[PDB]
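Notes to accompany the following structure.
Below, chains carry the letters A, B, ... as their sequence lines are ordered, and counting in each starts from 1. We use all heavy atoms of the structure for the numbers below, so side chains are in, but hydrogens, waters and symmetry mates are not. As the structure lists them, so they are numbered: ligands from 1, and atoms in each ligand from 1.
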Amino acid sequence: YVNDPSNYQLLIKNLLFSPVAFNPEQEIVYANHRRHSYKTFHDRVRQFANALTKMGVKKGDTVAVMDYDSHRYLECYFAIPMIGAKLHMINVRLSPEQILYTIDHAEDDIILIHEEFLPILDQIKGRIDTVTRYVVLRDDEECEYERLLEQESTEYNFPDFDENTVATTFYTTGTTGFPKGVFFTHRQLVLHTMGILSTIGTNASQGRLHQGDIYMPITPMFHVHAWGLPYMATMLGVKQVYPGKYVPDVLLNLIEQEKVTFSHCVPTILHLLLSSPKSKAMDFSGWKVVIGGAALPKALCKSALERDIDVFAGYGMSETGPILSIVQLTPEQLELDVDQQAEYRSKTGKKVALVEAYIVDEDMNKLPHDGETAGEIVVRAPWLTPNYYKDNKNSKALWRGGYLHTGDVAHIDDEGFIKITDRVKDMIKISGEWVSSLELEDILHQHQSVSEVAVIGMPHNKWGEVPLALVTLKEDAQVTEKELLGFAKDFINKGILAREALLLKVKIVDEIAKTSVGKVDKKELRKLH
Amino acid sequence: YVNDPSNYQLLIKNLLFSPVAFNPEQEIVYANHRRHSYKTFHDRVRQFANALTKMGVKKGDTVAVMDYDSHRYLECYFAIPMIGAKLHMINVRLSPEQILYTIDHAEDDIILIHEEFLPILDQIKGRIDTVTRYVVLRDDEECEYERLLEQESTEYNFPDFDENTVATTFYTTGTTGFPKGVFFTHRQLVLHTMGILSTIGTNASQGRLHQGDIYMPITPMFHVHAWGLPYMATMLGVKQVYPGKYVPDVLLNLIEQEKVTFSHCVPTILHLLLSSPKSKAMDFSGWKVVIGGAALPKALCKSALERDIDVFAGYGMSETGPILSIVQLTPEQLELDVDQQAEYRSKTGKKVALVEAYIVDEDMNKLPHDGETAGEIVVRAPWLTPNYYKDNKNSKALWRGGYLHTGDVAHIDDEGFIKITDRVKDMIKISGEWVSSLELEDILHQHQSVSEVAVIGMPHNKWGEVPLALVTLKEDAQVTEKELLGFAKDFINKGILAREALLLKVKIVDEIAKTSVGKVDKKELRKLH
Amino acid sequence: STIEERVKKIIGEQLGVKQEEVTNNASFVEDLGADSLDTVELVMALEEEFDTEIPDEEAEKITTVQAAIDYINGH
Amino acid sequence: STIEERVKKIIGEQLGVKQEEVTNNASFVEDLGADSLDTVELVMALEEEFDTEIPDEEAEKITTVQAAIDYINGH
Ligand SMILES: *O=P([O])([O])O[C]C([C])([C])[C]([O])C(=O)[N][C][C]C(=O)[N][C][C]SC(=O)[C][C][C][C][C]C(=O)O[C]
Ligand SMILES: *OP(=O)(O)OCC(C)(C)[C@H](O)C(=O)NCCC(=O)NCCSC(=O)CCCCCC(=O)OC
Ligand SMILES: Nc1ncnc2c1ncn2[C@@H]1O[C@H](COP(=O)(O)O)[C@@H](O)[C@H]1O
Ligand SMILES: Nc1ncnc2c1ncn2[C@@H]1O[C@H](COP(=O)(O)O)[C@@H](O)[C@H]1O
């Protein structure tokens, strides 16, 4: 690559080595396991670069990671892209068959896998062709990653290349035949960091991330860069605490003992934290959770506001950076009582800097922002995936009409608040994972005696939504719900179906509502059953 | 495309409309269903081109076909490539999950599916995204293909384009994680036709295909262009008989009633034909079967030679056109008795025109053709797939060292006869389908109590090879063969495993042979169990 | 439940044909349309229901209900 | 086979911990390391073995063996 130093490229190395602030004695904490300053973190990143170079990782290679939220994942967020390689983040919560498919599709060269994820590998390790090396990670001195790092020097000259080289990739299981691969460049990640820092750092007094915070993620960190927050924290040079496996009690202990002030999670985790008996004698009045999983319910928001938690909601998705919207309260709205506060904080929010976010109908006609008309959201931003990896038709359907199609139906108020009414599909979302209703319909239709199977979604608190199934039996056929539940469970036991179908809650009916054309009225069915 | 008429492009339309011979009143026979001359066949091809154009099929589209050997498949072999589209041939004998994977990978626009293959579709139809239209085929006047054709004119001006545009694609399930996609161009298919016609038409008196033959395939016709034979037959303008579903009695009736003289099959089908009671009072002394499935056994060859059948063997594979080698007997060898004849006719044969076929060791060192030294076969020819579709690492391993790696270990005599000794892997091949030993090993290792599972292959006549499994039980564990057989069968019942594992024949042992390094001695195990 | 009734009901369950409509001369491939592979899991259940072991040489000999009936009643 | 023994053996079979080593105060998530999802198929088999129906509100209340034991013996 011809440098031309006057021509500046936006790279992740500039994010690490040209931060907003850098205190060499600020800490990085891995829960009750490890602690080390920022200087040793930089040294470790350089050592990891040396180790990867020794392993034979070139500028076009892919390194896949499968582990929990820890300092090692933070080191991988930086070392692998800075060498010019591609970081493939594996969703450990997918079924083994889907995990194997994503590994084969991405063509990973090296795999860094945690010890306790080894069983999942053991039932797919035979069918993996591209992988040359496995590095097994442990939480003790026995870790292979740690032994690899300590054989290397803390010196390394990181290359400079084009800012449009791909940095990260991960696979979204949004309803389709197979998982789809998204990817982002160095430029896009740097611009996402800068834009969101501009948006949420400049807020007057509420819901701001600044250089005095202490950050602890509660998002799995293989889900779209942990909403980009680990990159931002490193940019601000703040104390970072990584909990590892999510356990409510140890999480609360970390919050108390480390004085965490900024976190992000999904509604289920927040509900679990609030329902824990250990969370009654704690001081929560310094904490700034961002809820972005799905549809922060107003009841949970009110329950959190009485604990003195600055809870606000945000909107994004796998294809969008992810962050697209955040709720910011004006100083007049900061003095409303708890009910109106809960109503405002549970909206999807206003769009962030450099985002367009129109609302459109099926003919690509921009609807008015009158506050009640609904349509699909279409966006333009500096950090959107241009297409799906190794895909053409779905890529064209993603960017139809010159805009990125989110797949969510919402209405936009006069001041700019966005409220998502539904999806453009009849799909379910159990907790933070995607599950397809059509696939469950087919699996249940493969039963011995089934007339019509239609799967709809019903709301929930510990899960957000449950995949209700409605089955009509054949002539003189009588099978209990246990039979069909076990039949569906058998598929999950083979690694075909994700574990989120373990609470399917099937229901036997005899009449199926159908439209004038005859299509199953899933909205009417939801209002019925 | 700029034509430049002096610049000649090798296209399949030139194969259809500039044949070696064209008799407008020669017949095309679909067994007991339909008969029509070559003139109506040309008219039907033009009508099918018109119908595909009306459906919106452009020059880059893919049309997938899923049916039996019939006149419709022959029409698809010509119409779809001539329009410039790509013909994806679906292997109906793969598991539904693999079929769905191949459909999604190839991104088919239209699917032409037979009526009796509908159930397989019904359990994957939900997870198909790219397909816009299904055409259901039947053997009566109710067929949708027939109704589509009769609404169109018999006039069409076929385009001329570059000869390097892709014509056909199909997926090989040779041992890997997922099926691999091969593809060929118009030029490659035309050159394969011309080269094999030159090789087998110029033979003096034995095993030749000429303009007076009557041709009937017994290869499924979705397996690598039916060895290219339907293209050759059309070039020679000979009578063609298509049997449909392979049933030994109806096949024998067609052979007798239509006076078939040239066919190709795999050893299993030939064994079934010879073992049929209807095949004792028939005159087989005009028939020229080519056996190319795998390792034509000498016993079957002798049994066929006593019926006055000109049986000879050939060698090819999915990546190679397929044809690479054919056995041709010199007039001195035509007077040997039945035993030496059977020995010679069962070899893999000499290479065909324009084929190189060296024998090499693991360091790419060309071994001598002394007749006993063995090595892997590496080939160069005008009709080899340049790589696997949407694949990089396996593509590089396929063409390592500038030659195509077959994966078969053989030795070459002084005169040029090739004899395949084994594979470069421990893989099984039940009848004409590929089955992976490693995947079965993993599935069985997922059992409640298993110590070591190793799968080897043992020979057979009705199947060619059976996938023997050797399982060592855990401490104080005793499970019968029925348990493990049913456990494996359950996976097949879910569409995960191919039906060729229904004769696994597991075996319980307590000692596993291991090398000095410790690897399971699969050859020693085969000699043991 | 004689030997013939059991054999016919195995055949009906395997190939999906009603046992009341099964004939003694029905051929697995030609008449009942059973694929060569299906006929092998067929032989498998015959053994399973008669607690015997069918050798391969004999397994290829059975192609109609009659065959299987004779082989079983004879052991 | 009392109620407590049955409950403990369900817990051991589900979470893989030996029933002889199960304690009355063991917590499904903290002590036995059961994922929130695993604890739901847990409640499923409790009902299956006691032929009852656990309402969701109560299903969230059980997090230790003791809980489940009390809920079951009380019905
Ligand atoms: O501890 P339990 O009992 O096992 O709890 C079960 C549960 C819910 C799985 C548990 O909380 C847990 O461990 N993980 C919860 C699942 C989760 O964390 N899902 C998060 C990923 S969802 C996602 O990627 C959405 C991406 C778009 C969001 C962008 C955004 O919000 O921008 C603001
Ligand atoms: O069901 P049945 O009638 O009792 O018999 C069972 C089988 C499946 C064996 C039956 O014969 C059948 O219907 N089909 C047999 C399977 C088959 O036909 N396989 C053929 C494809 S194998 C292949 O593609 C090899 C390609 C390379 C060969 C190239 C070559 O030979 O060049 C000369
Ligand atoms: N704040 C939110 N409000 C409502 N739905 C949300 C919110 N954040 C995410 N979602 C939904 O969760 C989905 C994320 O899925 P994905 O990123 O593709 O893996 C989005 O497409 C939304 O439908
Ligand atoms: N005449 C033959 N003799 C021996 N093996 C053969 C012969 N024809 C095919 N085969 C084998 O069958 C395989 C075909 O598999 P494929 O074409 O990849 O789908 C080849 O790779 C060979 O191993």
Side-chain angles (χ1 to χ4, degrees), chain A residues 91 93 172 218-220 222-224 227-228 245-248 264-266 268-269 271-272 290-294 313-318 320-326 349 429-434 462-464 500, chain B residues 91 93 172-174 180 182 218-220 222-224 227-228 245-248 264-266 268-269 271-272 290-296 313-327 346-349 406-408 410 418-420 423 427 429-434 462-464 500, chain C residues 28-29 34-35 37-40, chain D residues 28-29 34-35 37-40:
Chain A
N91 182 356
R93 270 153 226 190
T172 179
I218 317 174
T219 289
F222 51 74
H223 268 129
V224 66
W227 305 355
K245 198 192 254 308
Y246 299 154
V247 173
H264 49 102
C265 69
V266 295
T268 312
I269 294 150
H271 183 239
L272 267 204
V290 191
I291 309 303
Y315 178 60
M317 82 203 210
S318 291
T320 59
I323 299 189
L324 287 177
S325 206
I326 296 275
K429 192 183 171 78
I430 298 100
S431 90
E433 266 76 45
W434 270 116
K462 190 171 186 274
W463 300 123
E500 285 82 352
Chain B
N91 182 356
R93 270 153 226 190
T172 179
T173 200
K180 298 294 165 195
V182 295
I218 317 174
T219 289
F222 51 74
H223 268 129
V224 66
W227 305 355
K245 198 192 254 308
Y246 299 154
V247 173
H264 49 102
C265 69
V266 295
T268 312
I269 294 150
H271 183 239
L272 267 204
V290 191
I291 309 303
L296 166 58
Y315 178 60
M317 82 203 210
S318 291
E319 292 93 337
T320 58
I323 299 189
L324 287 177
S325 206
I326 296 275
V327 302
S346 309
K347 286 178 170 340
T348 84
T406 54
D408 293 285
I418 315 169
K419 189 63 185 171
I420 289 170
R423 293 192 253 288
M427 312 330 320
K429 192 183 171 78
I430 298 100
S431 90
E433 266 76 45
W434 270 116
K462 190 171 185 274
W463 300 123
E500 285 82 352
Chain C
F28 296 97
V29 175
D35 307 79
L37 295 174
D38 279 297
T39 80
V40 175
Chain D
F28 296 97
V29 175
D35 307 79
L37 295 174
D38 279 297
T39 80
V40 175

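Looking at every heavy atom in both residues, D/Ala34 comes nearest to D/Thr39 through CB-CG2, 3.7 Å. Heavy-atom minimum distance, B/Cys265 versus B/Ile218: CB-CB, 3.8 Å. For B/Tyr246 against B/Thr219, the heavy-atom pair with the smallest separation is OH-O, 2.6 Å. Of all non-hydrogen atoms in B/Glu319 and B/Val182, the two that sit nearest each other are CG-CG1, 3.9 Å. Nearest approach of B/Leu296 to B/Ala313, heavy atoms of both residues: CD2-CB, 4.1 Å. Minimum interatomic distance between A/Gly228 and A/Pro322 (heavy atoms only, all atoms of both residues): N-CD, 4.4 Å.
Inclusion of A/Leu272 in the set of residues having an N or O under 3.5 Å from an N or O of ligand 1 is not warranted. Taking only nitrogen or oxygen atoms, main chain and side chain alike, B/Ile326 does not reach within less than 3.5 Å of ligand 2. Some N or O of A/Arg93 is nearer than 3.5 Å to an N or O of ligand 1, by distance alone. Residue B/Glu433 has no N or O atom closer than 3.5 Å to an N or O atom of ligand 2.
In this structure, of A/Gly293, A/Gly432, A/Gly228, the residue bringing a heavy atom nearest to atom 22 (S) of ligand 1 is A/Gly432. For the residues B/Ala295, B/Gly174, B/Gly321, the heavy atom positioned nearest atom 4 (C) of ligand 4 is part of B/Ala295. Remark: among candidates A/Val224, A/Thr320, D/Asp38, the nearest residue to atom 26 (C) of ligand 1 is A/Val224, based on non-hydrogen atoms. Summarising the contacts of atom 1 (N) of ligand 4 with B/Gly314, B/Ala313, B/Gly292, the nearest heavy atom is found in B/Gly314. The option with the heavy atom closest to atom 21 (O) of ligand 4, from among B/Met427, B/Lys429, B/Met317, is B/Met317. Proximity annotation for atom 29 (C) of ligand 1: of A/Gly316, A/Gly321, A/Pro248, A/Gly316 comes nearest, heavy atoms only.
We find the CD-OG1 distance between B/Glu433 and B/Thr173 to be 9.5 Å, quoted to the nearest 0.5 Å. How far CG of B/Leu324 is from CE of B/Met317: 7.5 Å, rounded to the nearest 0.5 Å. A/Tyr315 OH to A/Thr320 OG1: the interatomic distance, rounded to the nearest 0.5 Å, is 7.0 Å.
With hydrogens left out, the protein atom closest to atom 15 (O) of ligand 4 is B/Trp434 NE1, 3.0 Å, a heavy atom. B/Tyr315 CD1, 3.5 Å is the protein heavy atom nearest to atom 7 (C) of ligand 4. Nearest protein heavy-atom contact of atom 23 (O) of ligand 4 is B/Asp408 OD1, 2.9 Å. Here the protein heavy atom with the shortest distance to atom 18 (O) of ligand 4 is B/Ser318 OG, 3.2 Å.
Put simply, part of A/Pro220 is less than 4.0 Å from ligand 1, judged by heavy atoms. Distances from ligand 1 to the non-hydrogen atoms of A/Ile323 include at least one value under 4.0 Å. Close to ligand 4: B/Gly316, with a non-hydrogen atom less than 4.0 angstrom away. Distances from ligand 4 to the non-hydrogen atoms of B/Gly293 include at least one value under 4.0 Å.
Atoms of ligand 1 lying under 4.0 Å from at least one heavy atom of A/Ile269, given by number and element, are 11 (O), 15 (C), 18 (O). Atoms of ligand 2 found under 4.0 Å from any heavy atom of B/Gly292, numbered from 1 in the order shown, are 28 (C), 30 (C), 31 (O). Short contacts between ligand 4 and B/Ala294, defined as distances under 4.0 Å to a heavy atom of the residue, involve ligand atoms 5 (N), 6 (C), 7 (C). Close contacts of ligand 2 with C/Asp35, meaning ligand atoms under 4.0 Å from a residue heavy atom, involve 1 (O).
The part of B/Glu319 lying near ligand 4 is the side chain, judged by heavy-atom distances below 4.0 Å.
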